[PDB]
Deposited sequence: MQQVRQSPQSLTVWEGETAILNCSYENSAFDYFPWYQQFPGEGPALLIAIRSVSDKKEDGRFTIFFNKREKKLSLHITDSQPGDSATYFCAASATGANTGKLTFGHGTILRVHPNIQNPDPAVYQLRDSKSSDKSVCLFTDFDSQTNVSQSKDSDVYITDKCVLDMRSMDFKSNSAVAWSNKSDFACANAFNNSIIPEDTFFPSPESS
């Protein structure tokens, strides 16, 4: 087996992500770390061999401990484009098998550093249902699902207008006697939020 901790990690833009792996069978000598983006197949990110404890590739670094049978992938100065799953595989290459046995992967979410937030909740028009949009909040806050059913509170989202600036988070809530002042009452909204 190959065991990866923690099952999912969340880091702020700039900090160092530390994804941990550990294997039982000491016949393992080749450890490739694969990376997978949503809607994509995984692709070899960075691989190490038991002979060398540390492999460096710019931002990425594998630390290998043959004694304790433990590995640690470090990503330094993480960009929000590192948000992805990281599988840690191992193989005893001497067996000439071709089988790789993968870990279950850890899920990396990299929070974008916001420099100027103005969190707010707006209401939008159906055109052509009632939807409430929660924008411009700092990445620190956590949007939690609705308390009761009939209400659909989606997860945070990162929007980047290329031309001017622009990083901004946003979550959408909608139902079908709901309104917007009470939409995210069941989440921790920052005390200085706008309700037009």
Where are the holes in the model when you compare it to the deposited sequence?
-> 1-2, 131-133, 182-183, 204-208
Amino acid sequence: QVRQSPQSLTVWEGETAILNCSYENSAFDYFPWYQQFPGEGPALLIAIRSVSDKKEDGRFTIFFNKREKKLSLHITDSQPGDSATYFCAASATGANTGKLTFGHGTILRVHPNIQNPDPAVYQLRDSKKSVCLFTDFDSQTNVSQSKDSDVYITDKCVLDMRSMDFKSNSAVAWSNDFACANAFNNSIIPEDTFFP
From here on, numbers count along this sequence of modelled residues.
Between 178-186 and 13-21, point out the one with the higher average CA B-factor as the PDB entry records it.
-> 178-186
Out of 46-54 and 141-149, which stretch has the higher average CA B-factor listed in the record?
-> 141-149
Looking at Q35, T61, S130, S26, which has the biggest Cα B factor in the entry?
-> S130
The largest CA temperature factor among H74, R125, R109, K99 is found at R125
Relative to the other modelled residues of the same chain, rank the CA B-factor of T93 and answer lowest, middle or highest third.
-> lowest
Based on the entry's values, in what third of the chain does the Cα temperature factor of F166 lie: lowest, middle or highest?
-> highest
Temperature factor at the Cα of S78, chain-ranked in thirds, falls in the middle
Taking the values exactly as deposited, rank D160 by C-alpha B-factor within its chain and report the matching third: lowest, middle or highest.
-> highest
Just say lowest, middle or highest third for the CA B-factor of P119 relative to the other modelled residues in its chain.
-> middle
